[PDB]
Each structure stands twice: as structure tokens, then as C-alpha cells.
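Trainee: Here you go, this is coords.cif (mmCIF, C-alpha atoms and all ligand atoms; chains and numbers go by the auth columns).
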data_data
#
loop_
_atom_site.group_PDB
_atom_site.id
_atom_site.type_symbol
_atom_site.label_atom_id
_atom_site.label_comp_id
_atom_site.label_asym_id
_atom_site.label_seq_id
_atom_site.Cartn_x
_atom_site.Cartn_y
_atom_site.Cartn_z
_atom_site.B_iso_or_equiv
_atom_site.auth_seq_id
_atom_site.auth_asym_id
ATOM 1 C CA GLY A 1 -0.502 -2.490 18.702 0.00 1 S
ATOM 2 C CA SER A 2 -3.813 -3.542 17.171 0.00 2 S
ATOM 3 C CA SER A 3 -6.210 -2.783 14.316 0.00 3 S
ATOM 4 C CA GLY A 4 -6.697 0.977 14.287 0.00 4 S
ATOM 5 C CA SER A 5 -7.752 3.328 11.498 0.00 5 S
ATOM 6 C CA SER A 6 -10.152 5.147 13.821 0.00 6 S
ATOM 7 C CA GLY A 7 -11.437 8.596 12.908 0.00 7 S
ATOM 8 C CA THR A 8 -14.102 9.959 10.573 0.00 8 S
ATOM 9 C CA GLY A 9 -14.168 6.465 9.105 0.00 9 S
ATOM 10 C CA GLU A 10 -11.403 5.293 6.783 0.00 10 S
ATOM 11 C CA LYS A 11 -8.999 7.249 4.577 0.00 11 S
ATOM 12 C CA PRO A 12 -10.043 8.848 1.260 0.00 12 S
ATOM 13 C CA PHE A 13 -7.822 6.258 -0.421 0.00 13 S
ATOM 14 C CA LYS A 14 -7.184 2.508 -0.388 0.00 14 S
ATOM 15 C CA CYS A 15 -4.710 -0.032 -1.769 0.00 15 S
ATOM 16 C CA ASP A 16 -5.467 -2.801 -4.264 0.00 16 S
ATOM 17 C CA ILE A 17 -2.905 -5.401 -3.198 0.00 17 S
ATOM 18 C CA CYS A 18 -3.303 -5.257 0.582 0.00 18 S
ATOM 19 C CA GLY A 19 -6.080 -2.678 0.727 0.00 19 S
ATOM 20 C CA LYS A 20 -3.774 -0.378 2.678 0.00 20 S
ATOM 21 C CA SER A 21 -5.270 3.089 3.141 0.00 21 S
ATOM 22 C CA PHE A 22 -3.489 6.439 2.872 0.00 22 S
ATOM 23 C CA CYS A 23 -4.780 9.879 3.856 0.00 23 S
ATOM 24 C CA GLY A 24 -2.963 11.097 0.758 0.00 24 S
ATOM 25 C CA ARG A 25 -2.505 9.300 -2.554 0.00 25 S
ATOM 26 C CA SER A 26 0.952 10.858 -2.861 0.00 26 S
ATOM 27 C CA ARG A 27 1.868 8.141 -0.364 0.00 27 S
ATOM 28 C CA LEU A 28 -0.342 5.235 -1.438 0.00 28 S
ATOM 29 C CA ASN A 29 0.676 5.557 -5.088 0.00 29 S
ATOM 30 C CA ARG A 30 4.285 4.916 -4.069 0.00 30 S
ATOM 31 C CA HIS A 31 3.215 2.149 -1.686 0.00 31 S
ATOM 32 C CA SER A 32 1.615 0.293 -4.595 0.00 32 S
ATOM 33 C CA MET A 33 5.146 0.138 -5.999 0.00 33 S
ATOM 34 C CA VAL A 34 6.542 -1.673 -2.958 0.00 34 S
ATOM 35 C CA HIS A 35 4.285 -4.610 -3.822 0.00 35 S
ATOM 36 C CA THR A 36 6.246 -5.142 -7.038 0.00 36 S
ATOM 37 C CA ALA A 37 9.663 -4.776 -5.410 0.00 37 S
ATOM 38 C CA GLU A 38 11.350 -8.077 -6.261 0.00 38 S
ATOM 39 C CA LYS A 39 14.667 -8.732 -8.007 0.00 39 S
ATOM 40 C CA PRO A 40 15.493 -11.789 -10.158 0.00 40 S
ATOM 41 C CA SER A 41 18.716 -12.391 -8.230 0.00 41 S
ATOM 42 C CA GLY A 42 16.781 -13.723 -5.254 0.00 42 S
ATOM 43 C CA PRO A 43 14.685 -16.914 -5.404 0.00 43 S
ATOM 44 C CA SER A 44 10.884 -17.070 -5.465 0.00 44 S
ATOM 45 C CA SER A 45 8.148 -18.885 -3.547 0.00 45 S
ATOM 46 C CA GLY A 46 6.243 -21.783 -5.080 0.00 46 S
HETATM 47 ZN ZN ZN B . -0.656 -2.315 -0.386 0.00 101 P
#
Using C-alpha cells, write down the structure from this file.
Mentor:
Amino acid sequence: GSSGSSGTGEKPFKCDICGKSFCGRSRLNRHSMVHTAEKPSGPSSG
């Protein structure tokens, strides 16, 4: 496995946290939520 994303350039969408692309926002939108998936119960990183 290596850097791909080959085909008619990149996707019509892109992330803001990791820049992840998604052929369809319907997916990306949700992905942008995984970046803020952290509970208080667990510790944090300095
Ligand atoms: Zn992302």
C-alpha cells in the first residue's frame, strides 16, 4: 500500500484537518466528525 488517489486528478472534495479527500461529501462531512471524537474520560496528550 502506498500513496494513491490516481484518476482524473483528485476528488471533488477535501478535508480540513488531514486534507482527506472524498468522492462524495456525504462521506467527508461525517469524516470531519471523527477528528473531534474524544471523550473526557480518557487522558490527553501534552
Ligand atoms: Zn480528515
Trainee: Can you tell me which residues sit at most 7 Å away from ligand ZN 101 (chain P), counting all atoms listed in the file, written as a list in words?
Mentor: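 Counting all atoms listed in the file, the residues within 7 Å of ligand ZN 101 (chain P) come out as residues 15, 16, 17, 18, 19, 20, 31, 32 and 35 of chain S.
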Trainee: Using all atoms listed in the file, pick whichever of S:36, S:44, S:21, S:26 has the shortest atom-to-atom distance to residue S:9.
Mentor: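 With all atoms listed in the file as the atom set, the closest residue is S:21.
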Trainee: Between atom CA of residue S:37 and atom CA of residue S:25, what is the distance in Å, rounded to a tenth?
Mentor: 18.8 Å
Trainee: Considering all atoms listed in the file, return as an mmCIF file with C-alpha atoms, in the frame of the given file whatever protein or nucleic-acid residues lie within 8 Å of residue S:22, sequence-local ones (same chain, fewer than 2 positions apart) excluded.
Mentor:
data_model
loop_
_atom_site.group_PDB
_atom_site.id
_atom_site.type_symbol
_atom_site.label_atom_id
_atom_site.label_comp_id
_atom_site.auth_asym_id
_atom_site.auth_seq_id
_atom_site.Cartn_x
_atom_site.Cartn_y
_atom_site.Cartn_z
ATOM 1 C CA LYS S 11 -8.999 7.249 4.577
ATOM 2 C CA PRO S 12 -10.043 8.848 1.260
ATOM 3 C CA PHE S 13 -7.822 6.258 -0.421
ATOM 4 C CA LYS S 14 -7.184 2.508 -0.388
ATOM 5 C CA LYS S 20 -3.774 -0.378 2.678
ATOM 6 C CA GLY S 24 -2.963 11.097 0.758
ATOM 7 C CA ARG S 25 -2.505 9.300 -2.554
ATOM 8 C CA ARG S 27 1.868 8.141 -0.364
ATOM 9 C CA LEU S 28 -0.342 5.235 -1.438
#
Trainee: Work out how far apart atom CA of residue S:10 and atom CA of residue S:23 are and give it in Å to one decimal.
Mentor: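 Atom CA of residue S:23 lies at a distance of 8.6 Å from atom CA of residue S:10.
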Trainee: May I ask for the distance between atom CA of residue S:29 and atom CA of residue S:2, given in Å to one decimal place?
Mentor: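 Answer for the atom CA of residue S:29 to atom CA of residue S:2 separation: 24.5 Å.
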